[PDB]
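> Make a model of this:
(chains A, B, C, D, E, F, G and H)
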Amino acid sequence: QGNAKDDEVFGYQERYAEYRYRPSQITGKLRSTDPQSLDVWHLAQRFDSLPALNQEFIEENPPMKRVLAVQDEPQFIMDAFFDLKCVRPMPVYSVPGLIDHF
Amino acid sequence: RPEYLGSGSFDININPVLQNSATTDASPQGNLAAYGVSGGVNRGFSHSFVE
Amino acid sequence: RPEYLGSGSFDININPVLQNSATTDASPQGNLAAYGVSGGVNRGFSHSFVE
Amino acid sequence: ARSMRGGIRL
Amino acid sequence: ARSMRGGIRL
Amino acid sequence: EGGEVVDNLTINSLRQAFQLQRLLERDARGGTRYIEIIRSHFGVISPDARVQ
Amino acid sequence: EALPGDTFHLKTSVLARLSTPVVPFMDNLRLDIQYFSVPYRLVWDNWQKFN
Amino acid sequence: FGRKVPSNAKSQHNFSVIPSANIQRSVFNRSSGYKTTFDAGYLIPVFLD
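Numbers count the residues shown, from 1 in each chain, chains lettered A, B, ... in the order given. Structure data below:
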């Protein structure tokens, strides 16, 4: 920002971590800060104010609303099917009866 | 602690789609839209329960 | 009782169709419609009639 | 799948 | 050493 | 006045009474700590460590 | 709900469709499924006394 | 059409894995004597560690 805040601590990380890590970057007309931005092409977060290391920062929150053509419908429609083979302590069909038994 | 029995994961494959309709003010012929799909079979877990 | 001579069955396969026409207020490019079709050959029954 | 920094979160 | 009647007591 | 009214016995009520008695007899004979319940009502030998 | 002495073997099939993107956006996007066992005695203190 | 490029997400995950602790285990004898008087039927705690 150029504010004095810029030199204040976000959080702590291992010594020389920036030689080991290399965060991925958006550079050109793709940035969400551009007045005529192409940020429809990618899912990089846009911070509107200074992120702190807290719950709001680390919770997964991709900007799906901008890469998707239809507004106000759920992002994923899913069909799922669960095929269980069960061994269970019961018969496969129970016929009523057997009063003294079990 | 609740036991972690297993996991699976899939790519959401994003596949390009060509506009074969003619040029418009909205989008030119040869413009490149997409659709997204994901799926497969997992072999999730096998486990036996003591309680 | 009337005798049950045999049977056959087929899936109605529902096949996705991509919109290659440009984006509209109705539907975006890359929207996914469908068509449905079913069929095959059965080998239905073989039988001889006494009456 | 190993021991992550900051404790476990999947 | 087996399952005793009245529940376990050693 | 001041009696107690009870309905006719269905066979389903009667067999449920028998199987409830079998359950309470299994509890007396087998024990009622949660590990004793598991071992008496099911075939299962739970480890002690996982049941505290 | 699993009983004492159950054994489960689970296969999962998934089909997830992403609602239509504007462009083939460049970022990877994983779908995943994780399964957990939770004994009833971890979620209710009276579970043993109920039994 | 083109082929997608990889993400760095796996290498970034690997840099975050802490090393295992080096423990310095050893084997030794921890012998001890205990002497007492007691009466029948009680549960007497003779060993504690």
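> residue boundaries of the strands in chain G?
G:7-18, G:30-37 (DSSP state E).
> check contacts around the closest residue to chain E within chain F.
Taking Cβ to the nearest Cβ, chain E has its nearest neighbour within chain F at residue F:31, 2.2 Å off. Where C-beta positions appear, they are placed from N, C-alpha and C, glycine not excepted. Residue F:31 sits next to E:6, E:7, E:8, F:37, F:40 when contact means Cβ atoms under 8 Å, 6 or more residues apart in numbering or on different chains.
> restrict those to contacts with chain B.
Among these, no residue lies close to chain B (Cβ under 8 Å from any Cβ of the partner chain).
> Going by distance to residue H:44, which of the residues you listed wins?
Ranked by distance to residue H:44 (Cβ to Cβ), the contacts of residue F:31 are led by residue E:8 at 20.6 Å.
> Burial-wise, tell me which of the strands of chain G comes out on top.
By mean neighbour count, with neighbours taken as mean count of other Cβ atoms under 10 Å in any protein chain shown, strand G:7-18 ranks first of those at a mean of 17.
> next one: it to chain centre, how far?
Computed by Cα atoms, centre = their mean, to the nearest Å, the chain-centroid distance of strand G:7-18 equals 10 Å.
> which stretch among the strands of chain G comes nearest chain B?
Set against chain B and scored by Cβ to the nearest Cβ, the strands of chain G come closest in strand G:7-18, at 2.9 Å.
> Run the contact check for the closest one versus chain H.
No - legend: contact between strand G:7-18 and chain H by Cβ under 8 Å from any Cβ is lacking; minimum distance shown is 14.9 Å.
> Can that strand be said to contact chain B?
Yes - Strand G:7-18 reaches chain B (Cβ under 8 Å from any Cβ) through G:7, G:8, G:9, G:10, G:11, G:12, G:13, G:14, G:15, G:16, G:17, G:18.
> That strand and chain F, any residue contact?
No - remark: strand G:7-18 sits outside contact range of chain F, by Cβ under 8 Å from any Cβ, the gap being at least 11.1 Å.
> Endpoints of stretch B:42-50, how far apart?
In terms of Cα to Cα, to the nearest Å, the two terminal residues of stretch B:42-50 are separated by 25 Å.
> what's the closest of the contacts of residue F:31 to chain D?
residue F:37 (32.5 Å).
> Need the three-state assignment for that closest one.
In three-state terms, and counting by DSSP: H, G, I helix; E, B strand; the rest coil, residue F:37 is helix.
> Quick check: it touching residue G:51?
Yes - with contact defined as Cβ atoms under 8 Å, residue F:37 counts as touching residue G:51 (5.5 Å).
> more crowded one of these two?
residue F:37 (20 against 14; other Cβ atoms under 10 Å in any protein chain shown).
> Quick one: residues contacting that one.
Residues in contact with residue F:37, defined by Cβ under 8 Å, 6+ apart, are F:27, F:30, F:31, G:51.
> Equivalent analysis for residue B:10, please.
B:38, B:39, B:40, G:14, G:16, G:30, G:31, G:32.
> Would you mind listing what in chain H touches chain A?
Listed as neighbours of chain A in chain H under the rule Cβ under 8 Å from any Cβ: H:7, H:8, H:12, H:15.
> Which pair of the contacts of residue F:31 spans the longest distance?
E:6 and F:37 (13.6 Å).
> Show me what residue of chain B gets nearest to chain F.
Taking Cβ to the nearest Cβ, chain B has residue B:50 as its residue nearest chain F, at 4.4 Å.
> Identify the residues contacting that residue.
F:38, F:44, F:45, F:46, F:47, F:50, G:4, G:5.
> Go again with 7 Å.
F:44, F:46, F:47, F:50, G:4 (Cβ atoms under 7 Å, 6 or more residues apart in numbering or on different chains).
> How about the residue in chain B positioned nearest to chain G: what's its closest non-neighbour residue?
Relative to chain G, the nearest point of chain B is residue B:36 (2.9 Å; Cβ to the nearest Cβ). Distances taken as Cβ to Cβ, 6 or more residues apart in numbering or on different chains place residue G:18 nearest to residue B:36, at 2.9 Å, with adjacent residues excluded.
> any idea how far residue A:77 is from that neighbour?
Between residue G:18 and residue A:77 the computed distance is 8 Å (Cβ to Cβ, to the nearest Å).
> what's the answer for residue G:12, then?
17 Å.
> And residue A:94, by the same measure?
Residue A:94 is 38 Å from residue A:77, by Cβ to Cβ.
> between the two, who's got more neighbours?
The neighbour count for residue A:94 versus residue A:77, taken as other Cβ under 10 Å, is higher for residue A:77 (11 against 8).
> bridging residues for the residue nearest to residue B:36?
Beta-bridge pairing of residue G:18 under DSSP bridges involves residue A:76, residue B:36.
> what sits against it?
A:75, A:76, B:12, B:36, B:37.
> go with 8 Å
A:68, A:75, A:76, B:12, B:14, B:35, B:36, B:37, B:38, G:29.
> Spell out for me which residue occupies the centre of the chain.
By default, I'm working from chain A. residue A:60 (3.4 Å; Cα atoms, centre = their mean).
> switch to chain G, that's the one I care about
Closest-to-mean residue, chain G, Cα atoms, centre = their mean: residue G:35 / 4.2 Å.
> Would you check that my belief about that residue contacting residue B:3 is correct?
No - Residue G:35 is beyond contact range of residue B:3, at 9.4 Å (criterion: Cβ under 8 Å).
> who's in contact with stretch H:26-45?
So stretch H:26-45 is contacted by H:46, H:47, H:49 (Cβ under 8 Å, 6+ apart).
> How about residue B:23, nearest residue that isn't a chain neighbour?
residue B:29 (4.9 Å).
> Same question for residue A:69.
Residue A:69 sits nearest to residue C:28 (Cβ to Cβ, 6+ apart), 3.7 Å away.
> which residue does chain D bring closest to chain F?
For chain D, Cβ to the nearest Cβ, closest residue to chain F: residue D:8, 19.6 Å.
> now that residue: how far from chain H?
When Cβ to the nearest Cβ, to the nearest Å is the yardstick, residue D:8 and chain H sit 11 Å from each other.
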